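The structure under discussion appears below in the form of structure tokens.
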Amino acid sequence: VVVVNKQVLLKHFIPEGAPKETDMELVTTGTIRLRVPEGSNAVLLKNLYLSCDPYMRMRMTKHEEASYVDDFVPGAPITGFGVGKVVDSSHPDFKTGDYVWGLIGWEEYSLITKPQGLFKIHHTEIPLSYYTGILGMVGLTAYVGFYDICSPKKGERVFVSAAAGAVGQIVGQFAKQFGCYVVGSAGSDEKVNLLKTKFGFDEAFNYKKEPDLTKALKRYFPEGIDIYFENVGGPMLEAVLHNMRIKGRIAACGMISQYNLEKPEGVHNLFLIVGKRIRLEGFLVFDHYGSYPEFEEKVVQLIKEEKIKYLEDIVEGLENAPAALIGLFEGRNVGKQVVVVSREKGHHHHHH
Amino acid sequence: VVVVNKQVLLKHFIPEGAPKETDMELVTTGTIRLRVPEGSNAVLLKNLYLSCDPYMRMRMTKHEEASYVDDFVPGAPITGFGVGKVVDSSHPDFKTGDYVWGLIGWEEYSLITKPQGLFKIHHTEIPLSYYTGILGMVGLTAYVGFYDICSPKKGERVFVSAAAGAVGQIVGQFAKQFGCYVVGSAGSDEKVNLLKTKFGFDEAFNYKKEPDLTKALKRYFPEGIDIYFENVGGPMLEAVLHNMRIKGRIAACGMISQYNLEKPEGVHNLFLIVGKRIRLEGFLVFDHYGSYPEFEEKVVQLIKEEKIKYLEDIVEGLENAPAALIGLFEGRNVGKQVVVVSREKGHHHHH
Ligand SMILES: NC(=O)c1ccc[n+]([C@@H]2O[C@H](COP(=O)([O-])OP(=O)(O)OC[C@H]3O[C@@H](n4cnc5c(N)ncnc54)[C@H](OP(=O)(O)O)[C@@H]3O)[C@@H](O)[C@H]2O)c1
Ligand SMILES: NC(=O)c1ccc[n+]([C@@H]2O[C@H](COP(=O)([O-])OP(=O)(O)OC[C@H]3O[C@@H](n4cnc5c(N)ncnc54)[C@H](OP(=O)(O)O)[C@@H]3O)[C@@H](O)[C@H]2O)c1
């Protein structure tokens, strides 16, 4: 059997700036064999779900000095985190029928020649799409960023930006259940309302309807901020610095306001870091897979007990992957942006 | 027994911008009685040596919200670290003839009503002026900053801004002795040459003669920088971040480039901290006086063994303190800036 294998390719490198749909092209003509090559040590996946993640945009720009991940290649499939089902395997740790998450192609079938970076899914009763976010890379990021990087203590005053996002909605709930006071910023009233009801944040505000971020942070933090879970950067970062307490911490998870800027914004008040003895620390979840067992143990139990809430934004079909990715930098995604490529056989779960 | 007590007063608060000599006045008519008051709990000092330190500038500006340290007060003496001799004492832990360091008045005699701020000097064989710098607040800064905040490991690559300055000349040596590759930036060819001969830095450069700081750092760090001891801020930091290695650390000691500017400059590449997993951390020596005893011991041994070098810029006389202080922000000080207010009798040789 040879079968159809649609793909989304990167049409070309793009300059600093925003990505556009037309930087990527769907190809419907491709095909694939349903067995791994003889002599291989490899896994063929049927791909089921794809994650759209903000870090993916930077990969659409050529870098001369190797960054932490390899750039995409013009004319090759876009790649990113997703979930697949093993169709065939010449690697002993993977059997036909296993479900796995890892870096896979923006396509219907991916032949993975380095299986070692696939994670076998051990909990298939949990909806599989969760392994693209909360139980995948995104959730581990929340966990490492909050519990390790932030050094939290009960009672501390915590601010999360992009707080209705995939990372931030998780962070908020961890902080809350840790016994912290928690405030989030988000880009719409719908998000704000989700933060205050569904996610149990103490307060939230719509950053786009604030003419002054410093004063706004001052409203919700009359004694200032202990901990900032930084997802955005820009002027929001300056506003936090101004409102930060002595021995405050900032876990620099990301800086999404800067990713599509020809010209990144200046941060002006870093000297506050001296007199306030602030630690500003970046981290990359790719260094922390060693933590996964402790994390998955904690998060699977929370999910199975309904003591954490999670919101996915689902888009149906490979074809809609590119726009969904672009949507992230406009804040179109409401929750964690997933793309269904093909739903696994015998699903029977309802939705609205 | 009343005597003359000359003082250097803050004339007035100053706005955003650069301080100058004339923001201070020397007054010569005042006098003081050489005993502490009965029932007092105090220590009367004859002040010997005074430190000029960069943080002093910020104290000349009014702050409606409280910085780490009180603003100076117009009409009242300038204060700062120094070294003093106890003339009279109504506080148990201090006796007549003892030597101490701590915050004292810019004047000839200071009656200290908060004696718990003072530290007795236990090595009087070392020149007492050392306790305004290498053995005082300045040395402890270097030691906390490097040994604790920078988390150093044998064989890492270290860059120091204001490297010929007091803090930075100590940092560089601590680092070289820790087995690190060390480079420093300074604002003169003379300072650059001191960093390489006297202070054992591996390389150094005149920031003022580099049109591209990013490229300059790349010349000296072909595989990037592990540790940046940050005394300067601004475009230099930006340049550092561009050249910093995976899991780099920046100990934010201070950002002197920013202290006399109406508009502080913007850092544009802070996002690199995520992708390179950089820790940037401010510290204040004020929080770390618990480390003093062990630090003192360590640096005393280095001095005894001649395993560390130290250069002081010495000015003679209180009247010369104001210029001395201003010089700091122009980089006129060559070494740790000291003012001798009065020498203790019985003495080392200088040139
Ligand atoms: N360090 C790591 O290992 C690591 C791992 C995963 C993610 N990250 C980072 O973590 C952050 C969150 O990613 P996610 O996966 O949780 O994405 P997300 O929050 O699910 O989606 C991105 C969101 O960013 C917000 N946004 C976009 N442009 C913005 C701007 N110019 N100003 C302010 N907000 C803006 C939008 O929310 P609003 O409607 O509220 O604007 C959008 O919904 C990102 O910066 C990402 O790069 C880092
Ligand atoms: N965090 C803390 O607790 C703590 C404690 C003590 C000191 N500090 C900080 O550590 C730093 C060094 O202090 P120090 O006592 O050792 O001072 P210092 O280096 O003895 O003297 C200040 C030096 O700063 C340099 N400089 C002045 N203006 C500059 C500018 N615009 N750009 C670049 N460099 C400039 C000059 O040297 P060049 O010839 O090298 O330009 C000058 O010699 C300061 O930023 C200070 O505020 C922090």
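Note on naming: chains are A, B, ... as they come in the structure tokens, residues start from 1 per chain, ligands start from 1 in the order shown.
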Based on only C-alpha atoms, which of the residues in chain A come within 12 Å of chain B? I want them as an MDAnalysis selection string.
chainID A and resid 55 58 65:69 145 149 230:235 237:238 246:259 261:288
Mind dumping a table of every chain B residue within 8 Å of ligand 2, with the nearest atom pair and its distance in Å to one decimal, using only C-alpha atoms and all ligand atoms, sorted by chain and rising number, as a tab-separated table?
```
residue	atom	partner	partner_atom_place_in_ligand_line	distance
B:52	CA	ligand 2	15 (O)	7.4
B:53	CA	ligand 2	15 (O)	4.8
B:54	CA	ligand 2	47 (O)	4.6
B:55	CA	ligand 2	47 (O)	4.7
B:133	CA	ligand 2	15 (O)	7.8
B:137	CA	ligand 2	6 (C)	6.7
B:138	CA	ligand 2	6 (C)	5.3
B:141	CA	ligand 2	5 (C)	5.2
B:142	CA	ligand 2	5 (C)	7.9
B:145	CA	ligand 2	1 (N)	7.9
B:161	CA	ligand 2	40 (O)	7.1
B:162	CA	ligand 2	40 (O)	3.9
B:163	CA	ligand 2	40 (O)	5.9
B:164	CA	ligand 2	40 (O)	5.4
B:165	CA	ligand 2	19 (O)	2.7
B:166	CA	ligand 2	16 (O)	3.3
B:167	CA	ligand 2	16 (O)	3.5
B:168	CA	ligand 2	16 (O)	5.6
B:169	CA	ligand 2	16 (O)	7.5
B:185	CA	ligand 2	40 (O)	6.5
B:186	CA	ligand 2	40 (O)	3.4
B:187	CA	ligand 2	39 (O)	3.6
B:188	CA	ligand 2	39 (O)	5.4
B:191	CA	ligand 2	39 (O)	6.5
B:207	CA	ligand 2	33 (C)	7.8
B:230	CA	ligand 2	45 (O)	7.7
B:231	CA	ligand 2	45 (O)	4.2
B:232	CA	ligand 2	33 (C)	5.4
B:233	CA	ligand 2	32 (N)	7.9
B:252	CA	ligand 2	1 (N)	6.9
B:253	CA	ligand 2	1 (N)	4.0
B:254	CA	ligand 2	45 (O)	3.6
B:255	CA	ligand 2	45 (O)	4.8
B:256	CA	ligand 2	45 (O)	4.2
B:257	CA	ligand 2	31 (N)	3.6
B:258	CA	ligand 2	31 (N)	7.0
B:282	CA	ligand 2	1 (N)	6.9
B:283	CA	ligand 2	1 (N)	5.0
B:284	CA	ligand 2	3 (O)	3.5
B:285	CA	ligand 2	3 (O)	3.7
B:286	CA	ligand 2	3 (O)	6.1
B:327	CA	ligand 2	42 (C)	7.9
B:328	CA	ligand 2	22 (C)	5.0
B:329	CA	ligand 2	27 (C)	4.5
B:330	CA	ligand 2	27 (C)	5.4
B:331	CA	ligand 2	42 (C)	3.6
B:332	CA	ligand 2	43 (O)	6.1
B:333	CA	ligand 2	43 (O)	5.2
B:334	CA	ligand 2	43 (O)	6.4
B:335	CA	ligand 2	20 (O)	5.9
B:336	CA	ligand 2	20 (O)	4.7
B:337	CA	ligand 2	20 (O)	6.2
```
If we count only C-alpha atoms and set the cut-off at 12 Å, which residues sit around residue 73 in chain A, ignoring sequence neighbours fewer than 5 positions away in its own chain? Please answer as a PyMOL selection string.
chain A and resi 8-14+23-24+59-63+78-79
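If you count only C-alpha atoms and ignore residues fewer than 3 places along the chain from residue 4 in chain B, what sits within 9 Å of it is residues 28, 29, 30, 31, 32 and 108 of chain B.
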How about saving the chosen residues, N, CA, C and O atoms kept, as a PDB file, in the first residue's frame?
```
ATOM      1  N   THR B  28      34.012  75.721  58.113  1.00  0.00           N
ATOM      2  CA  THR B  28      35.211  75.697  59.010  1.00  0.00           C
ATOM      3  C   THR B  28      35.036  76.265  60.442  1.00  0.00           C
ATOM      4  O   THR B  28      35.910  76.083  61.296  1.00  0.00           O
ATOM      5  N   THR B  29      33.916  76.938  60.693  1.00  0.00           N
ATOM      6  CA  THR B  29      33.644  77.562  61.986  1.00  0.00           C
ATOM      7  C   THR B  29      33.157  76.563  63.072  1.00  0.00           C
ATOM      8  O   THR B  29      33.401  76.752  64.252  1.00  0.00           O
ATOM      9  N   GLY B  30      32.447  75.518  62.678  1.00  0.00           N
ATOM     10  CA  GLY B  30      31.939  74.534  63.664  1.00  0.00           C
ATOM     11  C   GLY B  30      33.012  73.942  64.594  1.00  0.00           C
ATOM     12  O   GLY B  30      34.188  73.843  64.228  1.00  0.00           O
ATOM     13  N   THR B  31      32.598  73.562  65.795  1.00  0.00           N
ATOM     14  CA  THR B  31      33.477  72.917  66.794  1.00  0.00           C
ATOM     15  C   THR B  31      32.778  71.704  67.464  1.00  0.00           C
ATOM     16  O   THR B  31      31.573  71.518  67.305  1.00  0.00           O
ATOM     17  N   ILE B  32      33.536  70.884  68.202  1.00  0.00           N
ATOM     18  CA  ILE B  32      32.947  69.724  68.895  1.00  0.00           C
ATOM     19  C   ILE B  32      33.668  69.434  70.211  1.00  0.00           C
ATOM     20  O   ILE B  32      34.857  69.693  70.335  1.00  0.00           O
ATOM     21  N   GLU B 108      35.650  65.985  60.690  1.00  0.00           N
ATOM     22  CA  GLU B 108      36.860  65.566  61.386  1.00  0.00           C
ATOM     23  C   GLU B 108      36.543  64.624  62.559  1.00  0.00           C
ATOM     24  O   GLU B 108      37.398  63.816  62.942  1.00  0.00           O
TER      25      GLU B 108
END
```
Residues of range 97-281 of chain A in alpha helix (DSSP H), written as a PyMOL selection string
chain A and resi 137-143+166-177+189-196+213-220+235-243+272-275
Test item: residues at most 9 Å from range 86-92 of chain B, only C-alpha atoms, excluding those fewer than 4 positions along its chain, as a ChimeraX atom specification:
/B:34-47,96-100,115
Dump C-alpha atoms for the selected residues as a PDB file, in the first residue's frame?
```pdb
ATOM      1  CA  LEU B  34      35.778  65.485  72.745  1.00  0.00           C
ATOM      2  CA  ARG B  35      33.578  63.409  75.108  1.00  0.00           C
ATOM      3  CA  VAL B  36      30.285  61.661  74.490  1.00  0.00           C
ATOM      4  CA  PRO B  37      27.263  62.861  76.481  1.00  0.00           C
ATOM      5  CA  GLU B  38      26.524  61.252  79.885  1.00  0.00           C
ATOM      6  CA  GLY B  39      23.800  58.559  79.606  1.00  0.00           C
ATOM      7  CA  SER B  40      24.343  58.424  75.839  1.00  0.00           C
ATOM      8  CA  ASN B  41      24.829  55.110  74.045  1.00  0.00           C
ATOM      9  CA  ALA B  42      27.406  56.245  71.521  1.00  0.00           C
ATOM     10  CA  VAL B  43      30.888  56.336  70.077  1.00  0.00           C
ATOM     11  CA  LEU B  44      32.836  59.452  69.258  1.00  0.00           C
ATOM     12  CA  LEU B  45      35.151  59.003  66.348  1.00  0.00           C
ATOM     13  CA  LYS B  46      38.112  60.866  65.059  1.00  0.00           C
ATOM     14  CA  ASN B  47      37.651  60.264  61.413  1.00  0.00           C
ATOM     15  CA  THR B  96      39.015  54.363  73.373  1.00  0.00           C
ATOM     16  CA  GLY B  97      41.917  53.650  70.951  1.00  0.00           C
ATOM     17  CA  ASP B  98      39.902  51.106  68.853  1.00  0.00           C
ATOM     18  CA  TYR B  99      39.737  51.494  65.084  1.00  0.00           C
ATOM     19  CA  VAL B 100      36.452  50.920  63.193  1.00  0.00           C
ATOM     20  CA  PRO B 115      27.094  52.066  67.012  1.00  0.00           C
TER      21      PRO B 115
END
```
Would you mind listing what lies within 9 Å of residue 57 in chain A as a PDB file with N, CA and C atoms, in the first residue's frame, with only C-alpha atoms counted and same-chain residues fewer than 6 positions away left out?
```pdb
ATOM      1  N   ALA A  18       6.251  39.874  10.309  1.00  0.00           N
ATOM      2  CA  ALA A  18       5.226  38.874  10.602  1.00  0.00           C
ATOM      3  C   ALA A  18       5.216  37.729   9.595  1.00  0.00           C
ATOM      4  N   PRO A  19       4.731  36.574  10.017  1.00  0.00           N
ATOM      5  CA  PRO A  19       4.563  35.555   9.023  1.00  0.00           C
ATOM      6  C   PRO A  19       3.217  35.733   8.323  1.00  0.00           C
ATOM      7  N   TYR A 259       8.586  39.014  18.876  1.00  0.00           N
ATOM      8  CA  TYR A 259       8.960  37.995  17.846  1.00  0.00           C
ATOM      9  C   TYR A 259       8.751  38.407  16.392  1.00  0.00           C
ATOM     10  N   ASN A 260       7.794  39.292  16.139  1.00  0.00           N
ATOM     11  CA  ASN A 260       7.599  39.763  14.760  1.00  0.00           C
ATOM     12  C   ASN A 260       8.059  41.184  14.533  1.00  0.00           C
ATOM     13  N   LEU A 325      -1.441  29.008  13.112  1.00  0.00           N
ATOM     14  CA  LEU A 325      -0.163  29.467  13.594  1.00  0.00           C
ATOM     15  C   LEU A 325      -0.005  31.029  13.571  1.00  0.00           C
ATOM     16  N   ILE A 326      -0.300  31.633  12.426  1.00  0.00           N
ATOM     17  CA  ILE A 326      -0.384  33.096  12.281  1.00  0.00           C
ATOM     18  C   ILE A 326      -1.305  33.698  13.341  1.00  0.00           C
TER      19      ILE A 326
END
```
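The shortest atom-to-atom distance to residue 63 in chain B, with only C-alpha atoms taken into account, belongs to B:16 out of B:156, B:21, B:107, B:16.
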As a PyMOL selection string, please: every residue in range 100-210 of chain B that DSSP puts in strand (DSSP E).
chain B and resi 100-105+109-112+119-120+157-160+181-186+203-206
The residue from A:242, A:219, A:350, A:208 with the smallest atom-to-atom distance to ligand 1, counting only C-alpha atoms and all ligand atoms, is A:208
As a list in words, please: the residues near residue 125 in chain A (cut-off 12 Å, only C-alpha atoms, same-chain neighbours under 5 positions excluded).
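Skipping anything fewer than 5 positions along the chain leaves residues 99, 130, 131, 300, 303, 304, 347, 348 and 349 of chain A.
CA of residue 204 in chain A to CA of residue 141 in chain A spans 21.6 Å [interatomic distance, one decimal].
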Between A:116, A:51, A:177, A:243, smallest distance to ligand 1 by only C-alpha atoms and all ligand atoms belongs to A:51
CA of residue 193 in chain B and CA of residue 311 in chain B are how many Å apart?
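Going from CA of residue 193 in chain B over to CA of residue 311 in chain B covers 13.4 Å.
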Take CA of residue 4 in chain A and CA of residue 88 in chain A and report the distance between them in Å, one decimal.
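Taking CA of residue 4 in chain A and CA of residue 88 in chain A, their separation equals 16.5 Å.
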Which is closer to residue 95 in chain A than all the others in A:337, A:184, A:120, A:50, using only C-alpha atoms?
A:120
